[PDB]
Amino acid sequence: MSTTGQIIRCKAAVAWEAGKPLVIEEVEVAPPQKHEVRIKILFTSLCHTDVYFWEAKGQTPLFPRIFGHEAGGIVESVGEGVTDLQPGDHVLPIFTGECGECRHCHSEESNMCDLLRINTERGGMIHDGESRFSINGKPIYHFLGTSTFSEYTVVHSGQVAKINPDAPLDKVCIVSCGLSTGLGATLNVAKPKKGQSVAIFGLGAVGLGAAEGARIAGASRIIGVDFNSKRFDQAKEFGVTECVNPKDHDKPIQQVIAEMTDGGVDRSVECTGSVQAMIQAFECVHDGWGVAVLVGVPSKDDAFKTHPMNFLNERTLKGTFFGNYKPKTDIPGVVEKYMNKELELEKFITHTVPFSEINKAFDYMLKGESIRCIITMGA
């Protein structure tokens, strides 16, 4: 309130160099411009997407930078022409937006907003190409339009979802990424029917969300596939009924799955980012009616490759961005499902650290087995 229209002085975790530990710095946060809001961050988290651009290996090295794109916060002030958000609103900043004006935003199927779709190299604000962060007079790059590793951040209002103000902001700060992506990959894109079989490649947060969606859809068999056998017991909490490590088999995994299911699974969801797993996820679905959904992001420019007859045998291949959920229209409904005990969120939380110890979240992530770490603001 007293900060409305004013520059805020607060702390942010700044990445000065690729792959080096973040530094808690005193920064200045400009007030929000047209169509922007300024958000007090209460909880944030870390995922491989932040780590990938912080490591900047084979990536355009934008530094200094404030990473972070999964957070729960409260609106502090709104910029010109913002009417759907007001101070005090509980919100999730999300790495992609919904302008409400383009053909995608008017569609049933697509969340590929022409204005506000994710952009990993945009270092400033959409309104004016400027940064809202400075340190000692010098600007700092934004990340995904969210930059949630700060006590306050400025975000285009199209990337800010208003949610149930009774929702606990530490549990929902992780609906902005992997959970909703896998949940919607199964429910919106794969669309299994009751009793069907589903194979999930990758049992990180995305695959676990896909498993929850497959249980909500009523799948009778949910086969979780992962090179990492440590992730199996964890996965069974999220709906996975059988676990398969490819390392334990001489046969290719798509043959292993087809043999388990008499021709292949009804649905598959690829949640690894490995192009080889995308091929395998496609080839492991049944002929005639099988549907595979690609979710993982490939690191290189290897191409998906398969014999065309695999399609002529009546397989279908789909792909998803953020579970095909619209961030402003649909994500609040995801939170509502959590509030109505229809969706599991607490079991994603494997770690927690205060903001001053944010670098430990990188350690837990890079060591493996960390699903999400709740980074608590204030100390």
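Start at 1 and count along the sequence shown; that's the residue number.
Stretches compared: 74 to 82, 219 to 227. Higher mean C-alpha B-factor in the entry: 219 to 227.
Look at the C-alpha B-factors of 328 to 336 and of 38 to 46. On average they run higher in 328 to 336. Highest C-alpha temperature factor among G209, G124, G288, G137, as the PDB entry reports it: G137.
Of the candidates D262, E270, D89, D170, the PDB record gives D262 the highest C-alpha temperature factor. Sort the chain's modelled residues by C-alpha temperature factor and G19 lands in the middle third, per the entry. Among the modelled residues of the chain, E25 sits in the middle third by CA temperature factor in this PDB entry. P32 sits in the middle third of its chain by CA B factor, as recorded in the PDB entry. Split the chain's modelled residues into thirds by C-alpha temperature factor. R117 is in the middle one. Residue-level temperature factors show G58 in the highest third of its chain, judged at the C-alpha atom.
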